[PDB]
Structures are given as structure tokens and as C-alpha cells.
>>> print(open('model_39.tsv').read())   # TSV, N, CA, C and O atoms and all ligand atoms
chain	number	residue	atom	x	y	z
A	14	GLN	N	60.63	-8.37	22.11
A	14	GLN	CA	60.16	-9.74	22.29
A	14	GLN	C	58.88	-9.76	23.12
A	14	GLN	O	58.65	-8.87	23.94
A	15	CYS	N	58.05	-10.79	22.90
A	15	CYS	CA	56.78	-10.95	23.57
A	15	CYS	C	56.69	-12.32	24.21
A	15	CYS	O	57.39	-13.26	23.82
A	16	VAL	N	55.81	-12.42	25.21
A	16	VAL	CA	55.55	-13.65	25.94
A	16	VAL	C	54.11	-14.07	25.67
A	16	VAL	O	53.18	-13.26	25.82
A	17	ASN	N	53.93	-15.31	25.24
A	17	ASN	CA	52.61	-15.84	24.92
A	17	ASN	C	52.01	-16.44	26.18
A	17	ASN	O	52.57	-17.36	26.77
A	18	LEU	N	50.86	-15.90	26.60
A	18	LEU	CA	50.22	-16.36	27.82
A	18	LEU	C	49.82	-17.82	27.69
A	18	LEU	O	49.26	-18.24	26.68
A	19	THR	N	50.11	-18.60	28.73
A	19	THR	CA	49.84	-20.04	28.76
A	19	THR	C	48.65	-20.40	29.63
A	19	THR	O	47.90	-21.32	29.28
A	20	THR	N	48.44	-19.72	30.75
A	20	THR	CA	47.26	-19.98	31.56
A	20	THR	C	46.02	-19.48	30.83
A	20	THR	O	45.97	-18.33	30.38
A	21	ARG	N	45.02	-20.35	30.70
A	21	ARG	CA	43.82	-20.06	29.92
A	21	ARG	C	42.61	-20.66	30.61
A	21	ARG	O	42.61	-21.84	30.95
A	22	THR	N	41.59	-19.83	30.82
A	22	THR	CA	40.29	-20.25	31.33
A	22	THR	C	39.23	-19.62	30.42
A	22	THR	O	38.78	-18.49	30.66
A	23	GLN	N	38.84	-20.35	29.38
A	23	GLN	CA	37.99	-19.83	28.32
A	23	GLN	C	36.58	-20.39	28.43
A	23	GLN	O	36.40	-21.59	28.70
A	24	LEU	N	35.60	-19.53	28.23
A	24	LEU	CA	34.18	-19.86	28.21
A	24	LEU	C	33.58	-19.30	26.94
A	24	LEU	O	34.20	-18.47	26.27
A	25	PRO	N	32.39	-19.76	26.55
A	25	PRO	CA	31.78	-19.22	25.33
A	25	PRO	C	31.50	-17.74	25.48
A	25	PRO	O	31.29	-17.24	26.61
A	26	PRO	N	31.49	-16.99	24.38
A	26	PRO	CA	31.30	-15.54	24.50
A	26	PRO	C	29.86	-15.20	24.87
A	26	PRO	O	28.92	-15.66	24.22
A	27	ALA	N	29.71	-14.38	25.91
A	27	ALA	CA	28.39	-13.94	26.32
A	27	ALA	C	27.87	-12.87	25.36
A	27	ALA	O	28.64	-12.17	24.69
A	28	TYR	N	26.55	-12.75	25.30
A	28	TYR	CA	25.86	-11.76	24.49
A	28	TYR	C	24.90	-10.98	25.37
A	28	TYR	O	24.25	-11.56	26.24
A	29	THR	N	24.83	-9.67	25.15
A	29	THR	CA	23.89	-8.82	25.88
A	29	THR	C	23.19	-7.91	24.88
A	29	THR	O	23.49	-7.90	23.69
A	30	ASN	N	22.24	-7.12	25.39
A	30	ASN	CA	21.37	-6.30	24.58
A	30	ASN	C	21.79	-4.84	24.69
A	30	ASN	O	21.97	-4.33	25.80
A	31	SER	N	21.93	-4.17	23.55
A	31	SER	CA	22.25	-2.75	23.52
A	31	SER	C	20.94	-1.96	23.53
A	31	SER	O	20.22	-1.92	22.53
A	32	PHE	N	20.64	-1.34	24.67
A	32	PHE	CA	19.39	-0.59	24.84
A	32	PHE	C	19.60	0.82	24.29
A	32	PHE	O	20.09	1.69	25.01
A	33	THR	N	19.18	1.03	23.05
A	33	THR	CA	19.25	2.31	22.33
A	33	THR	C	20.56	3.06	22.60
A	33	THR	O	20.58	4.21	23.02
A	34	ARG	N	21.67	2.36	22.33
A	34	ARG	CA	23.01	2.89	22.52
A	34	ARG	C	23.74	2.94	21.19
A	34	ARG	O	23.43	2.18	20.26
A	35	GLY	N	24.71	3.84	21.10
A	35	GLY	CA	25.56	3.96	19.93
A	35	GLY	C	25.15	5.00	18.92
A	35	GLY	O	25.53	4.87	17.75
A	36	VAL	N	24.41	6.02	19.31
A	36	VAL	CA	24.02	7.11	18.43
A	36	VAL	C	25.10	8.18	18.48
A	36	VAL	O	25.59	8.52	19.56
A	37	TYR	N	25.47	8.71	17.32
A	37	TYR	CA	26.50	9.73	17.21
A	37	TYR	C	25.99	10.87	16.33
A	37	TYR	O	25.07	10.69	15.53
A	38	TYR	N	26.60	12.03	16.49
A	38	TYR	CA	26.22	13.20	15.71
A	38	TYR	C	26.57	12.96	14.24
A	38	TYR	O	27.74	12.69	13.94
A	39	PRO	N	25.63	13.04	13.30
A	39	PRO	CA	25.97	12.73	11.91
A	39	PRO	C	26.74	13.83	11.19
A	39	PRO	O	27.31	13.55	10.12
A	40	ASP	N	26.78	15.04	11.73
A	40	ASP	CA	27.47	16.15	11.07
A	40	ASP	C	27.88	17.17	12.13
A	40	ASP	O	27.52	17.06	13.30
A	41	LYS	N	28.65	18.16	11.68
A	41	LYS	CA	29.19	19.21	12.55
A	41	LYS	C	28.42	20.51	12.40
A	41	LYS	O	29.01	21.60	12.45
A	42	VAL	N	27.11	20.43	12.22
A	42	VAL	CA	26.23	21.59	12.09
A	42	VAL	C	25.35	21.65	13.33
A	42	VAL	O	24.75	20.64	13.72
A	43	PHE	N	25.29	22.82	13.95
A	43	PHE	CA	24.47	22.99	15.14
A	43	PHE	C	22.99	22.94	14.76
A	43	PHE	O	22.57	23.56	13.78
A	44	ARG	N	22.21	22.18	15.52
A	44	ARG	CA	20.78	22.05	15.30
A	44	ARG	C	20.09	22.03	16.64
A	44	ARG	O	20.51	21.30	17.54
A	45	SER	N	19.01	22.80	16.78
A	45	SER	CA	18.30	22.93	18.04
A	45	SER	C	16.80	22.88	17.81
A	45	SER	O	16.30	23.49	16.86
A	46	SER	N	16.10	22.17	18.69
A	46	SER	CA	14.63	22.09	18.68
A	46	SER	C	14.11	21.67	17.32
A	46	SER	O	13.11	22.20	16.82
A	47	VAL	N	14.79	20.71	16.70
A	47	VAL	CA	14.43	20.19	15.39
A	47	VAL	C	14.47	18.67	15.44
A	47	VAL	O	15.09	18.07	16.32
A	48	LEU	N	13.79	18.05	14.48
A	48	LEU	CA	13.66	16.61	14.38
A	48	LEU	C	14.19	16.21	13.00
A	48	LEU	O	13.58	16.54	11.98
A	49	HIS	N	15.32	15.50	12.98
A	49	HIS	CA	16.11	15.31	11.77
A	49	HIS	C	16.23	13.82	11.45
A	49	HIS	O	16.53	13.02	12.34
A	50	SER	N	16.04	13.46	10.19
A	50	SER	CA	16.11	12.08	9.73
A	50	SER	C	17.39	11.88	8.94
A	50	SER	O	17.69	12.67	8.04
A	51	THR	N	18.15	10.82	9.26
A	51	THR	CA	19.41	10.55	8.59
A	51	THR	C	19.62	9.05	8.47
A	51	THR	O	19.28	8.29	9.38
A	52	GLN	N	20.21	8.62	7.35
A	52	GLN	CA	20.61	7.23	7.14
A	52	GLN	C	22.13	7.16	7.20
A	52	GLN	O	22.82	7.99	6.60
A	53	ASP	N	22.64	6.18	7.94
A	53	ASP	CA	24.09	6.05	8.11
A	53	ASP	C	24.37	4.69	8.73
A	53	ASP	O	23.47	3.87	8.93
A	54	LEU	N	25.64	4.45	9.05
A	54	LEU	CA	26.06	3.23	9.73
A	54	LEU	C	25.78	3.41	11.21
A	54	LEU	O	26.52	4.08	11.92
A	55	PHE	N	24.70	2.78	11.68
A	55	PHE	CA	24.26	2.89	13.06
A	55	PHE	C	24.19	1.50	13.68
A	55	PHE	O	24.00	0.50	12.98
A	56	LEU	N	24.36	1.44	15.00
A	56	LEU	CA	24.17	0.20	15.72
A	56	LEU	C	22.67	0.01	15.93
A	56	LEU	O	22.06	0.83	16.63
A	57	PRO	N	22.02	-1.01	15.35
A	57	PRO	CA	20.56	-1.11	15.49
A	57	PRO	C	20.14	-1.28	16.94
A	57	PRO	O	20.83	-1.91	17.74
A	58	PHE	N	18.99	-0.70	17.27
A	58	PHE	CA	18.49	-0.72	18.64
A	58	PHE	C	18.20	-2.15	19.08
A	58	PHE	O	17.74	-2.98	18.29
A	59	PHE	N	18.45	-2.41	20.36
A	59	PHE	CA	18.22	-3.73	20.96
A	59	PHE	C	18.97	-4.82	20.19
A	59	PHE	O	18.44	-5.90	19.93
B	750	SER	N	16.17	5.02	-2.20
B	750	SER	CA	15.54	5.36	-0.93
B	750	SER	C	16.36	6.40	-0.17
B	750	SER	O	15.81	7.36	0.39
B	751	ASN	N	17.68	6.22	-0.14
B	751	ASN	CA	18.54	7.19	0.52
B	751	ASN	C	18.45	8.55	-0.16
B	751	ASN	O	18.54	9.58	0.51
B	752	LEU	N	18.27	8.56	-1.48
B	752	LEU	CA	18.08	9.82	-2.18
B	752	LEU	C	16.73	10.44	-1.86
B	752	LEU	O	16.62	11.66	-1.66
B	753	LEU	N	15.68	9.63	-1.81
B	753	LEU	CA	14.32	10.08	-1.52
B	753	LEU	C	14.15	10.53	-0.08
B	753	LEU	O	13.14	11.16	0.24
B	754	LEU	N	15.11	10.22	0.80
B	754	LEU	CA	14.99	10.59	2.20
B	754	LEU	C	14.79	12.09	2.42
B	754	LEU	O	14.26	12.48	3.46
B	755	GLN	N	15.21	12.93	1.47
B	755	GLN	CA	15.05	14.38	1.61
B	755	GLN	C	13.69	14.89	1.16
B	755	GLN	O	13.41	16.08	1.36
B	756	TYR	N	12.85	14.04	0.56
B	756	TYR	CA	11.48	14.39	0.19
B	756	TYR	C	10.47	13.79	1.16
B	756	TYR	O	9.33	13.47	0.77
B	757	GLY	N	10.88	13.63	2.41
B	757	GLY	CA	9.99	13.06	3.41
B	757	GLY	C	8.77	13.93	3.64
B	757	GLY	O	7.68	13.41	3.88
B	758	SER	N	8.94	15.25	3.58
B	758	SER	CA	7.80	16.14	3.75
B	758	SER	C	6.78	15.94	2.64
B	758	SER	O	5.56	15.91	2.89
B	759	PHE	N	7.25	15.82	1.40
B	759	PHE	CA	6.35	15.60	0.27
B	759	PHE	C	5.58	14.30	0.43
B	759	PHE	O	4.36	14.25	0.26
B	760	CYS	N	6.29	13.22	0.77
B	760	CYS	CA	5.61	11.95	0.98
B	760	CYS	C	4.65	11.99	2.16
B	760	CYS	O	3.56	11.40	2.10
B	761	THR	N	5.03	12.65	3.24
B	761	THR	CA	4.16	12.74	4.40
B	761	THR	C	2.87	13.48	4.07
B	761	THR	O	1.79	13.06	4.47
B	762	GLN	N	2.97	14.58	3.31
B	762	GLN	CA	1.75	15.30	2.96
B	762	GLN	C	0.89	14.49	1.98
B	762	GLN	O	-0.34	14.52	2.07
B	763	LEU	N	1.52	13.77	1.05
B	763	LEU	CA	0.76	12.90	0.15
B	763	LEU	C	-0.02	11.85	0.94
B	763	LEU	O	-1.23	11.65	0.72
B	764	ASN	N	0.66	11.17	1.87
B	764	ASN	CA	0.00	10.15	2.66
B	764	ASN	C	-1.07	10.75	3.57
B	764	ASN	O	-2.11	10.13	3.80
B	765	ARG	N	-0.83	11.96	4.08
B	765	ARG	CA	-1.84	12.63	4.89
B	765	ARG	C	-3.11	12.90	4.09
B	765	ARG	O	-4.22	12.65	4.56
B	766	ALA	N	-2.95	13.40	2.86
B	766	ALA	CA	-4.11	13.66	2.02
B	766	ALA	C	-4.87	12.37	1.72
B	766	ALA	O	-6.11	12.33	1.79
B	767	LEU	N	-4.14	11.30	1.38
B	767	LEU	CA	-4.81	10.05	1.06
B	767	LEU	C	-5.53	9.47	2.28
B	767	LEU	O	-6.64	8.94	2.16
B	768	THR	N	-4.91	9.56	3.45
B	768	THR	CA	-5.56	9.09	4.67
B	768	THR	C	-6.81	9.90	4.98
B	768	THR	O	-7.82	9.35	5.43
B	769	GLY	N	-6.76	11.22	4.75
B	769	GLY	CA	-7.95	12.03	4.92
B	769	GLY	C	-9.08	11.60	4.01
B	769	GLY	O	-10.23	11.49	4.44
B	770	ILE	N	-8.76	11.32	2.74
B	770	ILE	CA	-9.78	10.82	1.82
B	770	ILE	C	-10.35	9.51	2.32
B	770	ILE	O	-11.58	9.29	2.29
B	771	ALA	N	-9.48	8.60	2.76
B	771	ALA	CA	-9.93	7.28	3.20
B	771	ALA	C	-10.86	7.38	4.40
B	771	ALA	O	-11.89	6.69	4.46
B	772	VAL	N	-10.52	8.23	5.37
B	772	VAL	CA	-11.40	8.42	6.52
B	772	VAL	C	-12.71	9.07	6.08
B	772	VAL	O	-13.79	8.75	6.61
B	773	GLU	N	-12.64	9.99	5.12
B	773	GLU	CA	-13.83	10.67	4.65
B	773	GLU	C	-14.82	9.71	4.01
B	773	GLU	O	-16.03	9.91	4.11
B	774	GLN	N	-14.33	8.66	3.34
B	774	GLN	CA	-15.25	7.69	2.74
B	774	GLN	C	-16.08	6.98	3.81
B	774	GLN	O	-17.30	6.83	3.68
B	775	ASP	N	-15.42	6.51	4.87
B	775	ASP	CA	-16.14	5.87	5.96
B	775	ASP	C	-17.10	6.85	6.62
B	775	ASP	O	-18.22	6.47	7.00
B	776	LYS	N	-16.69	8.11	6.77
B	776	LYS	CA	-17.59	9.12	7.31
B	776	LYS	C	-18.83	9.28	6.43
B	776	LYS	O	-19.95	9.38	6.94
B	777	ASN	N	-18.64	9.31	5.11
B	777	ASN	CA	-19.77	9.46	4.20
B	777	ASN	C	-20.74	8.30	4.34
B	777	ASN	O	-21.97	8.50	4.41
B	778	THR	N	-20.22	7.08	4.40
B	778	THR	CA	-21.08	5.92	4.59
B	778	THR	C	-21.84	6.01	5.91
B	778	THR	O	-23.03	5.70	5.98
B	779	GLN	N	-21.15	6.44	6.98
B	779	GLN	CA	-21.81	6.54	8.28
B	779	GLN	C	-22.94	7.56	8.26
B	779	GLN	O	-24.03	7.30	8.77
B	780	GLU	N	-22.70	8.74	7.67
B	780	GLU	CA	-23.76	9.74	7.61
B	780	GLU	C	-24.94	9.26	6.77
B	780	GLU	O	-26.10	9.49	7.13
B	781	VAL	N	-24.67	8.59	5.65
B	781	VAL	CA	-25.77	8.18	4.78
B	781	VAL	C	-26.61	7.08	5.44
B	781	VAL	O	-27.84	7.17	5.49
B	782	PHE	N	-25.95	6.05	5.97
B	782	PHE	CA	-26.66	4.83	6.37
B	782	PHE	C	-26.87	4.67	7.87
B	782	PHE	O	-27.86	4.06	8.27
B	783	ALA	N	-25.97	5.20	8.70
B	783	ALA	CA	-26.03	4.95	10.14
B	783	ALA	C	-26.83	6.00	10.89
B	783	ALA	O	-26.54	6.28	12.06
B	784	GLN	N	-27.82	6.61	10.25
B	784	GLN	CA	-28.64	7.62	10.93
B	784	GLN	C	-29.44	7.00	12.07
B	784	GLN	O	-29.53	7.59	13.15
B	785	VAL	N	-30.02	5.83	11.85
B	785	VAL	CA	-30.85	5.18	12.86
B	785	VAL	C	-29.96	4.44	13.84
B	785	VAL	O	-29.05	3.70	13.43
B	786	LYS	N	-30.20	4.64	15.13
B	786	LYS	CA	-29.37	4.06	16.18
B	786	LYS	C	-29.84	2.69	16.64
B	786	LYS	O	-29.13	2.05	17.44
B	787	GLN	N	-31.00	2.22	16.18
B	787	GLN	CA	-31.55	0.93	16.58
B	787	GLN	C	-31.84	0.10	15.34
B	787	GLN	O	-32.36	0.61	14.34
B	788	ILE	N	-31.51	-1.19	15.42
B	788	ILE	CA	-31.69	-2.11	14.29
B	788	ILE	C	-33.07	-2.73	14.46
B	788	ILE	O	-33.24	-3.78	15.08
B	789	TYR	N	-34.08	-2.07	13.90
B	789	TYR	CA	-35.44	-2.59	13.97
B	789	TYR	C	-35.58	-3.85	13.13
B	789	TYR	O	-35.02	-3.95	12.04
B	790	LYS	N	-36.35	-4.80	13.64
B	790	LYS	CA	-36.63	-6.06	12.95
B	790	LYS	C	-38.00	-6.00	12.30
B	790	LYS	O	-38.95	-5.45	12.87
B	791	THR	N	-38.10	-6.56	11.10
B	791	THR	CA	-39.38	-6.63	10.43
B	791	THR	C	-40.33	-7.53	11.22
B	791	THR	O	-39.89	-8.53	11.80
B	792	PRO	N	-41.63	-7.21	11.28
B	792	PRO	CA	-42.53	-8.02	12.10
B	792	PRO	C	-42.75	-9.38	11.46
B	792	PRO	O	-42.62	-9.53	10.23
B	793	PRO	N	-43.06	-10.41	12.25
B	793	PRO	CA	-43.34	-11.72	11.64
B	793	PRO	C	-44.53	-11.70	10.70
B	793	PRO	O	-44.52	-12.42	9.69
B	794	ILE	N	-45.55	-10.90	11.01
B	794	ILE	CA	-46.77	-10.81	10.20
B	794	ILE	C	-46.63	-9.64	9.25
B	794	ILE	O	-46.15	-8.56	9.63
B	795	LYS	N	-47.05	-9.84	8.00
B	795	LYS	CA	-46.95	-8.85	6.94
B	795	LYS	C	-48.32	-8.29	6.56
B	795	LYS	O	-48.61	-8.06	5.39
B	796	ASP	N	-49.18	-8.09	7.56
B	796	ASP	CA	-50.52	-7.54	7.34
B	796	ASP	C	-50.42	-6.01	7.23
B	796	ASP	O	-50.81	-5.26	8.12
B	797	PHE	N	-49.89	-5.57	6.09
B	797	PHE	CA	-49.70	-4.15	5.80
B	797	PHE	C	-50.82	-3.58	4.94
B	797	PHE	O	-50.60	-2.67	4.15
B	798	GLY	N	-52.04	-4.10	5.10
B	798	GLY	CA	-53.17	-3.60	4.35
B	798	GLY	C	-53.08	-3.84	2.85
B	798	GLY	O	-53.52	-3.00	2.07
A	801	LIG	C1	52.52	-18.53	21.50
A	801	LIG	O1	53.28	-17.45	20.74
A	801	LIG	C2	54.46	-17.98	20.05
A	801	LIG	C3	55.08	-16.88	19.22
A	801	LIG	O2	55.58	-17.42	18.03
A	801	LIG	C4	54.09	-19.14	19.13
A	801	LIG	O3	55.28	-19.67	18.55
A	801	LIG	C5	53.38	-20.23	19.88
A	801	LIG	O4	52.96	-21.24	18.94
A	801	LIG	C6	52.20	-19.72	20.62
A	801	LIG	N1	51.65	-20.82	21.49
A	801	LIG	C7	50.77	-21.86	20.92
A	801	LIG	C8	50.23	-22.96	21.81
A	801	LIG	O5	50.50	-21.83	19.77
>>> encode(input="model_39.tsv", output="C-alpha cells", more="lines below")
Ligand SMILES: *[C@@H]1O[C@H](CO)[C@@H](O)[C@H](O)[C@H]1NC(C)=O
Amino acid sequence: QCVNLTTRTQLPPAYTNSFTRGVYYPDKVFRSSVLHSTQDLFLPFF
Amino acid sequence: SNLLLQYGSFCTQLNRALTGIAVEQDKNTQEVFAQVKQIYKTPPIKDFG
């Protein structure tokens, strides 16, 4: 069984800026001192 | 476009060659016409004998 919270203090959702965050390794291949271009599902900058 | 992403080197060299040609045209015009560094004005009087 669960209890539904009754006390509520709600405000509009705030928004902030993602400063070049959310980059992940696109593959499991080691790469060093190289500049690689890839298209994928990325979080756009800012 | 996603397929063409692996021919970036080919496109980069193509654009490099074309940019070189484009700069070369302006260079050619400069060498031919911009030899004189001062814009001399024709005299008001045309007493050229
Ligand atoms: C809270 O959760 C219960 C679970 O069924 C639900 O019945 C109830 O409607 C919820 N409270 C409100 C105000 O909807």
C-alpha cells in the first residue's frame, strides 16, 4: 500500500542552461590524439 | 547526410581547392590592376599638345 502526499507547495518549473554538458563516448574503441566526427542522439549545447 | 559524414575529408579537400581558386582570382585582379598605390586624378586642363 502507498500514501498519497497531501501537503503541496508547487511553483512553475524553472529552466536553466546546459553549458556543453551531456557528451558520451559513442563507441567502445580506444582513440587517442584524434579528432572524430559522429552523429547521434546528443543534448544540444546551451 | 549521415551516410556522407564519412566522406568529410573528400568534401573538405574539394572546398579547400575551390577556396584556393576563389582567393587566386582576387589575387590576379590585384596584381593586374592594383600596381599603382596612389589614385591620381586627371588634371582639369587637357592641354596635352
Ligand atoms: C492520491 O492517491 C490515491 C490512490 O488511489 C487516489 O485515489 C487519490 O485520488 C489521490 N489524491 C487526489 C487528490 O487525487
>>> residues_near_ligand(input="model_39.tsv", ligand="ligand LIG 801 (chain A)", cutoff="8 Å", atoms="only N, CA, C and O atoms and all ligand atoms", output="list in words")
residues 15, 16, 17, 18 and 19 of chain A
>>> interface_residues(input="model_39.tsv", of="chain A", to="chain B", cutoff="8 Å", atoms="all atoms listed in the file", output="list in words")
residues 50, 51 and 52 of chain A
>>> write_last_selection(input="model_39.tsv", atoms="N, CA, C and O atoms", output="mmCIF file, in the coordinates of the input")
data_model
loop_
_atom_site.group_PDB
_atom_site.id
_atom_site.type_symbol
_atom_site.label_atom_id
_atom_site.label_comp_id
_atom_site.auth_asym_id
_atom_site.auth_seq_id
_atom_site.Cartn_x
_atom_site.Cartn_y
_atom_site.Cartn_z
ATOM 1 N N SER A 50 16.040 13.460 10.190
ATOM 2 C CA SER A 50 16.110 12.080 9.730
ATOM 3 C C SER A 50 17.390 11.880 8.940
ATOM 4 O O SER A 50 17.690 12.670 8.040
ATOM 5 N N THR A 51 18.150 10.820 9.260
ATOM 6 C CA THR A 51 19.410 10.550 8.590
ATOM 7 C C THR A 51 19.620 9.050 8.470
ATOM 8 O O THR A 51 19.280 8.290 9.380
ATOM 9 N N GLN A 52 20.210 8.620 7.350
ATOM 10 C CA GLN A 52 20.610 7.230 7.140
ATOM 11 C C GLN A 52 22.130 7.160 7.200
ATOM 12 O O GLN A 52 22.820 7.990 6.600
#
>>> atom_distance(input="model_39.tsv", atom1="atom O of residue B:787", atom2="atom C of residue B:771")
24.6 Å
>>> atom_distance(input="model_39.tsv", atom1="atom CA of residue B:753", atom2="atom CA of residue A:49")
14.4 Å
>>> select_by_dssp(input="model_39.tsv", residues="chain B", states="helix (DSSP H, G or I)", output="VMD selection string")
chain B and resid 753 to 782
>>> atom_distance(input="model_39.tsv", atom1="atom O of residue A:48", atom2="atom CA of residue B:760")
14.3 Å
>>> decode(input="model_39.tsv", residues="stretch 22-38 of chain A", atoms="N, CA, C and O atoms", output="JSON list (two decimals), in the first residue's frame")
[["chain", "number", "residue", "atom", "x", "y", "z"],
["A", 22, "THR", "N", 3.35, 22.43, -2.19],
["A", 22, "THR", "CA", 3.79, 23.80, -2.44],
["A", 22, "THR", "C", 4.44, 23.81, -3.82],
["A", 22, "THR", "O", 5.65, 23.58, -3.95],
["A", 23, "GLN", "N", 3.65, 24.09, -4.85],
["A", 23, "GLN", "CA", 4.06, 23.96, -6.24],
["A", 23, "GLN", "C", 4.28, 25.33, -6.86],
["A", 23, "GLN", "O", 3.49, 26.25, -6.64],
["A", 24, "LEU", "N", 5.35, 25.44, -7.63],
["A", 24, "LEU", "CA", 5.71, 26.63, -8.39],
["A", 24, "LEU", "C", 5.97, 26.21, -9.83],
["A", 24, "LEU", "O", 6.13, 25.02, -10.11],
["A", 25, "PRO", "N", 6.00, 27.16, -10.77],
["A", 25, "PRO", "CA", 6.26, 26.78, -12.16],
["A", 25, "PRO", "C", 7.65, 26.19, -12.30],
["A", 25, "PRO", "O", 8.56, 26.50, -11.51],
["A", 26, "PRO", "N", 7.86, 25.31, -13.28],
["A", 26, "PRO", "CA", 9.16, 24.65, -13.40],
["A", 26, "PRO", "C", 10.22, 25.62, -13.90],
["A", 26, "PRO", "O", 10.04, 26.29, -14.91],
["A", 27, "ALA", "N", 11.34, 25.68, -13.17],
["A", 27, "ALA", "CA", 12.45, 26.52, -13.58],
["A", 27, "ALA", "C", 13.20, 25.88, -14.75],
["A", 27, "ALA", "O", 13.18, 24.67, -14.94],
["A", 28, "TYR", "N", 13.87, 26.73, -15.52],
["A", 28, "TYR", "CA", 14.68, 26.31, -16.65],
["A", 28, "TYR", "C", 16.07, 26.89, -16.50],
["A", 28, "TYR", "O", 16.22, 28.05, -16.08],
["A", 29, "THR", "N", 17.09, 26.10, -16.82],
["A", 29, "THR", "CA", 18.47, 26.56, -16.79],
["A", 29, "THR", "C", 19.17, 26.13, -18.07],
["A", 29, "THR", "O", 18.59, 25.43, -18.91],
["A", 30, "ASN", "N", 20.42, 26.55, -18.22],
["A", 30, "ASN", "CA", 21.19, 26.36, -19.44],
["A", 30, "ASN", "C", 22.22, 25.27, -19.23],
["A", 30, "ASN", "O", 22.96, 25.29, -18.24],
["A", 31, "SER", "N", 22.27, 24.31, -20.16],
["A", 31, "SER", "CA", 23.28, 23.25, -20.12],
["A", 31, "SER", "C", 24.51, 23.73, -20.88],
["A", 31, "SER", "O", 24.51, 23.81, -22.11],
["A", 32, "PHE", "N", 25.57, 24.05, -20.14],
["A", 32, "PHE", "CA", 26.81, 24.56, -20.74],
["A", 32, "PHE", "C", 27.66, 23.38, -21.18],
["A", 32, "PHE", "O", 28.41, 22.82, -20.39],
["A", 33, "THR", "N", 27.56, 23.05, -22.47],
["A", 33, "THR", "CA", 28.30, 21.96, -23.13],
["A", 33, "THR", "C", 28.42, 20.71, -22.25],
["A", 33, "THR", "O", 29.50, 20.20, -21.98],
["A", 34, "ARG", "N", 27.25, 20.23, -21.82],
["A", 34, "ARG", "CA", 27.14, 19.05, -20.97],
["A", 34, "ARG", "C", 26.36, 17.96, -21.69],
["A", 34, "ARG", "O", 25.55, 18.24, -22.58],
["A", 35, "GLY", "N", 26.63, 16.72, -21.31],
["A", 35, "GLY", "CA", 25.90, 15.58, -21.84],
["A", 35, "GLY", "C", 26.56, 14.84, -22.98],
["A", 35, "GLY", "O", 25.85, 14.18, -23.74],
["A", 36, "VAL", "N", 27.87, 14.95, -23.13],
["A", 36, "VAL", "CA", 28.60, 14.23, -24.17],
["A", 36, "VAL", "C", 29.00, 12.87, -23.62],
["A", 36, "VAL", "O", 29.46, 12.76, -22.47],
["A", 37, "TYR", "N", 28.83, 11.83, -24.43],
["A", 37, "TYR", "CA", 29.16, 10.46, -24.04],
["A", 37, "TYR", "C", 29.99, 9.81, -25.14],
["A", 37, "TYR", "O", 29.97, 10.23, -26.30],
["A", 38, "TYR", "N", 30.72, 8.77, -24.76],
["A", 38, "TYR", "CA", 31.55, 8.05, -25.71],
["A", 38, "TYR", "C", 30.65, 7.34, -26.73],
["A", 38, "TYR", "O", 29.80, 6.55, -26.32]]
